[PDB]
Each structure stands twice: as C-alpha cells, then as structure tokens.
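Residue-level listing of the chains:
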There are 2 protein chains.
Amino acid sequence: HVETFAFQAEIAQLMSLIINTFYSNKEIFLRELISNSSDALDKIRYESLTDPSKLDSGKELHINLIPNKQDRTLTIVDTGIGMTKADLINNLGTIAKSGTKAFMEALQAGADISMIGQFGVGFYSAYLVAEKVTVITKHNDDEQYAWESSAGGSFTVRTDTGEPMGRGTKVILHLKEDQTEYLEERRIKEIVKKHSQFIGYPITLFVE
Amino acid sequence: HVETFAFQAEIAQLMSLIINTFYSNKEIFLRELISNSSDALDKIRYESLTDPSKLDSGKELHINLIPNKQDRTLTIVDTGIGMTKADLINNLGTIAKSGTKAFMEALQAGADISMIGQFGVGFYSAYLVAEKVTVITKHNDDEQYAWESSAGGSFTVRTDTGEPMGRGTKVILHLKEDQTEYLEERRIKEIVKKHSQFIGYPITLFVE
Ligand SMILES: COC(=O)c1c(-c2ccno2)n[nH]c1C
Ligand SMILES: COC(=O)c1c(-c2ccno2)n[nH]c1C
Ligand SMILES: [Mg+2]
Ligand SMILES: [Mg+2]
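Draft legend 1. Seen up close, the relation of the copies chain B and chain A. Turning chain B through 180° and shifting it by 0.0 Å along the axis lays it on chain A, with an RMSD of 0.0 Å. This pairing of chains is accounted for by a two-fold axis. Interface overlap between copies: 100% of the residues of chain B at the interface are likewise at the interface in chain A, consistent with a symmetric, same-surface contact.

Structure follows, in structure tokens:
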C-alpha cells in the first residue's frame, strides 16, 4: 500500500524554482547524481572496513548509467549504502531544509543553479530534465523501497516488490519530452567526460 | 606512551611528492581542510537525527580558524564527528591508498595538485605549508588522541592528556618558515572568501 507525503514547504519551493526558471545548462543534473552515488559508495566502503559483513548484500562498488528510449528513462544505479525508510520520509527532508535556505540565499546574491551540489541538494537537479523521478533503494538495515515524485508538493513511498537489488539506489529519470538528448550515447559520454572524469568507482555506460 | 607507525609506502610517496614538487599555489590546503571539517560536521549532524544523544558531547557545529604567530601555528578546529583510534591507524590508511593511486595516475595525465581533494586525500595538502602536523581528535565512541607526523615515513599516536575537547578534530599546522603569510588575518580572509564562501557551517576566523 502506497503512502503519500507532503514535501516541507521549502523543498516544494526549491522544486518549483528548478522547474520554472529559464536555465539552459541542464546537463549538470548528471554530475550531481553521480556525485551522490560516489558519496553513497564511500559510506558503504568505510563501514565495511570495521564490519566486513556489511558487504554480504554485494561486494561490487560501481555506477551504471542505463538509458531506455522506449521507456524514455535514464537510470543511475549504484551499489552504495542505500536509503532507509526514515531517510526517505524524515532525515533527508531535515537536511535538505537548511541546504535549501542557503542555496536560496546564494541565488539572490548572483550564484547560479549549477552550484546546487555545494548546498547538499544536488538530487533535486533531476527536475531540470525529468517530469517524474522514481528512486528504488535498499539499505542493509531495512526493506527495499520505491519513492516517487512528479513534484507538485507531494511524494509517495511504498515497499518495493520488483527485482530485489541487493543494496544501493537506482534513480530512474522519466525525462521531459524536450530532454531526450540524455538518452543518446555520445551525449552521456560527453557529460561524464566533462564533469565526472575523476570519480573513484567504475562508471559503466550501457548501450541500447 | 607514544606509539610510532610507518605510513604505507604509497602515502609516504604522496607526502614526498607534495613536499618536493615546485607548485606555488599552496593556499588550497585551507579549502581542503575546511572541506574535511565540513564533511565531519555533516556526518555528526546526520547521525544525531536518529540518535539525539550523539550531541551530548556538544551541540554547536562550527569551524574555527586560529592563528598563532608566537607558536607559528594555524589551527583548524571543528566539532565534527571525530576520529577513532582505528581511523587514525588502520581505516584512513586503507582509503587513502586507492585515492593516492588515482591521484598519482591523474597527475601523469596533466592534472595538478589543486585537484587532490577529488581523490579523497585532501588532508595531505597540509604538507604544502606545514613542516609538522598535529591532529587532536575526539570521537564519541573512543578516547581523545593526538596524532603527529613531520612526514619522513612515520607518524605517532598517543592518548591525549591536554584540554578535553568534547567531540571533533583540531588540525594544528606547524608552518614552514617561508609560509607565515597564512598567519595573517587579511590573507586567511582572502582564502576563505575565494575558496570556501559557501560552507554550510559558521566559520569563525580568530584574531591574534
Ligand atoms: C535518492 O534520492 C535522494 O537523494 C533524495 C533526497 C535528497 C537527497 C539529497 N537531498 O535530498 N530526498 N529524497 C530523496 C529520495
Ligand atoms: C585529520 O587528519 C586526517 O584527516 C588523517 C588522514 C586522512 C584524511 C584523509 N586521508 O587521510 N589520515 N590520517 C589522518 C590523521
Ligand atoms: Mg520534505
Ligand atoms: Mg598509511
């Protein structure tokens, strides 16, 4: 059964600015997501140093970029640390609140949207290119969840019955109609090269 | 009683390159250290969301830059999550090993030293400006430690009998003789402005 939650007003605010503002340099969504994955692989790797059994849900620490033209999706998968239900519903909301206010103040000082990751709310750049985002995630301590928002002030969470994923986070981008350049192999390659060349984990770009 | 440890060969290697290479843009040591603190405050803040008693060792999450001309030291203090003894001796060594190899490969491709933080070995940029580094640190789960290295292949760790610090990390830079510009108020201000303007925690610069 699906639970529907309201975003705190400040996150709603941020998701609308990202959606409504004219800002043509949308491609940074991809370095933000890949950074987010890089951060989650670091946390699982570190944890596993003092508790090797934390890697029983999978030994490989890696990033996969999967485009799907027929579904119009670009999916970013990592086998990072994952998100618990509390993360999805309470924790990330709390943190994103003060990063949003800083990111908000910064813009009314002449910062721009590409700097969104310095404020720990990188994830929301997904709304530059996606009309809907679905996040499948599995943490060691909790069940597998599906989270979802087309923005407009609310999100849902359900327990996920799909393919079990071991441990990590899949971020599925349902791309806006004018944004299908990010399904193209040479375009994704160009962005990873330009913005993500030094990520400490293999990034595999799947072909269609 | 003081325990002396050898750095793994790869870290020794990196500490010598940093020390021996001609590279005039030394001021980035400060953004790397302040980033490291920012990362440690984030981890304590997050932990405390699911366990408020983690903040009993101190509620304030903040960065202090303290210069001392008579001691020739610049100290960076945070009240972040801290380092356990295992961190100091085993854990950070393990992580710094593969970040060093990537940072090493990157340079023999025309990357430069300012990019050291993308490889998770930012901390070692301290050796651009300091002949000796001392790190006092307190984690919730362990005792207070003093760690220390003038490089040359070894470091020491002892339990620290000094002023108890609550929780966090003080990084004390014993500056090389030609590097005292970083004791000057207007110089530190210039670097924080230039490289660290958007840190999510108050950074207080102490005067002498
Ligand atoms: C994986 O998605 C996220 O990172 C996320 C966030 C988030 C990440 C950073 N700030 O918020 N909130 N809610 C979700 C599902
Ligand atoms: C606070 O000092 C450090 O961050 C550190 C490190 C370190 C940080 C990042 N890589 O290594 N190793 N050993 C020490 C004492
Ligand atoms: Mg919210
Ligand atoms: Mg070592």
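Draft legend 2. Layout of the site of ligand 1. All names here are of chain A. The immediate surroundings of ligand 1 are formed by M83, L88, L92, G120, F123, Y124, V135 and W147. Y124 is positioned with one of its side-chain polar atoms (N or O) 3.4 Å from a nitrogen atom of ligand 1. In isolation ligand 1 exposes 350 Å². Once the protein is present, 88% of that is buried. For the shell around ligand 1, the per-class residue count stands at 7 nonpolar, 1 polar and no charged.

Draft legend 3. Layout of helix α3 (residues 85–107) of chain B. The end-to-end C-alpha separation of α3 of chain B is 31 Å, in line with the 33 Å expected for 23 residues at 1.5 Å each. Where α3 of chain B bends most, at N91 of chain B, the angle is about 40°. Listed in full, the buried residues belonging to α3 of chain B are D87, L88, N91, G93, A96, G99, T100, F103, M104, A106 and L107 of chain B. The inward-facing, buried residues of α3 of chain B abut α2 (28–49) of chain A together with α1 (9–20), β4 (130–138), β5 (144–149) and β6 (154–159) of chain B.

Draft legend 4. The arrangement of the side chain of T137 of chain B in detail. Residues and elements named next belong to chain B. Mapping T137 onto the fold places it in strand β4. A distance of 3.0 Å separates a polar atom in the side chain of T137 from the backbone oxygen of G168. Those residues in contact with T137 that lie beyond four places of it in its chain are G82, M83, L88, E143, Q144, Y145, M165, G168 and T169.

Draft legend 5. Region of interest: the pattern of salt bridges. Residue and element names in this part refer to chain A. All chains considered together, the criterion is met by 22 salt bridges over all chains. Ionic pairing is found between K85 and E3, a salt bridge with its closest N-O pair at 3.2 Å. In this pair, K85 sits in helix α3 (residues 85–107) while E3 sits in strand β1 (residues 3–6), placing the two residues 82 residues apart along the sequence. Its relative accessible area of 28% is what places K85 among the partly exposed residues. A residue is classified by how much of its surface remains accessible, and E3, at 28% relative accessible area, is partly exposed. With a closest N to O distance of 2.7 Å, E32 and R31 form a salt bridge. Residues joined by salt bridges that share partners form a network here, namely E27, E181, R187 and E190.

Draft legend 6. Spatial organisation of the site of ligand 2. Residues and elements named next belong to chain B. Near ligand 2 the following residues occur: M83, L88, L92, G120, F123, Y124, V135 and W147. At 3.4 Å from a nitrogen atom of ligand 2 is found a side-chain nitrogen or oxygen belonging to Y124. Protein chains shield 88% of the accessible area of ligand 2, which is 340 Å² for the free molecule. A class-by-class count of the residues in the shell around ligand 2 yields 7 nonpolar, 1 polar and no charged.

Draft legend 7. View of the sheet that holds β1 of chain A. Residue and element names in this part refer to chain A. Reading across the sheet, the 8 strands line up as β1-β6-β5-β4-β7-β3-β2-β8 and stay open at both edges, with mixed pairing between neighbours. This sheet does not close on itself; its edge strands, each paired only once, are β1 and β8 (203–205). Sheet twist, expressed as the average angle between the axes of neighbouring strands with direction ignored, equals 20°. Two elements, strand β3 (residues 73–78) and strand β7 (residues 168–175), share 6 bridges in a ladder whose sense is antiparallel. Residue pairing for β7: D78 is matched across the bridge by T169. Along the sheet, α3 contacts β1, β4 (130–138), β5 (144–149) and β6 (154–159); its crossing angle with β6, the most-contacted strand, is approximately 155°.

Draft legend 8. The arrangement of the interface of chain B and chain A in detail. Each partner contributes to the interface: chain B provides 16 residues, whereas chain A provides 16 residues. Buried area between chain B and chain A, summed over both chains or domains, comes out near 1500 Å², and the portion from carbon and sulfur atoms is 66%. For the side of chain B that touches chain A, the elements supplying multiple residues, two or more each, are α2 (28–49) and α3 of chain B. With 6 residues, α3 of chain B is the largest single contributor of residues to the side of chain B that touches chain A.

Draft legend 9. Here's a closer look at the pairing of strand β2 (residues 63–68) of chain B. Residue and element names in this part refer to chain B. Direction of pairing for β2 relative to strand β3 (residues 73–78): antiparallel, over a ladder of 6 bridges. In the strand pairing of β3, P67 is matched with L74. Here β2 hands over to β3 after 4 residues, with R72 in that stretch at a positive phi of 55°. Pairing of β2 with strand β8 (residues 203–205) involves 3 bridges; the strand directions are parallel. Each residue of the ladder has a partner; that of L65, found in β8, is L205.

Reading guide: rules and limits
- Residues numbered from 1 in each chain as written, not as in the entry; some residues may be left out.
- Chains lettered and ligands numbered in written order.
- Heavy atoms only, no water.
- Least-squares fit on C-alpha atoms.
- Contact = heavy atoms within 4.5 Å.
- Near = heavy atom within 4 Å.
- Polar contact = N/O pair within 3.5 Å; in protein donor to acceptor, adjacent residues only side chain to side chain.
- Areas by Shrake-Rupley, 256 points an atom, 1.4 Å probe, with all protein chains shown as cover.
- Nonpolar A, V, L, I, M, F, W, Y, C, P; charged D, E, K, R; others polar.
- Helix = DSSP H or I, 4+ residues; strand = E, 2+ residues; numbered from the N terminus.
- Expected span 1.5 Å × (residues − 1).
- Bend = angle between axes of the 7 residues up to and from the residue.
- Buried < 20%, exposed > 50% of the residue type's maximum accessible area, 1.4 Å probe, protein only.
- Salt bridge = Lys/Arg side-chain N within 4 Å of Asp/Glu carboxyl O.
- Pairing = 2+ DSSP bridges.
- Axes fitted to C-alpha atoms, helices over the stretch in contact; angles between N-to-C directions.
- Buried area = accessible area lost by both parts, 1.4 Å probe.

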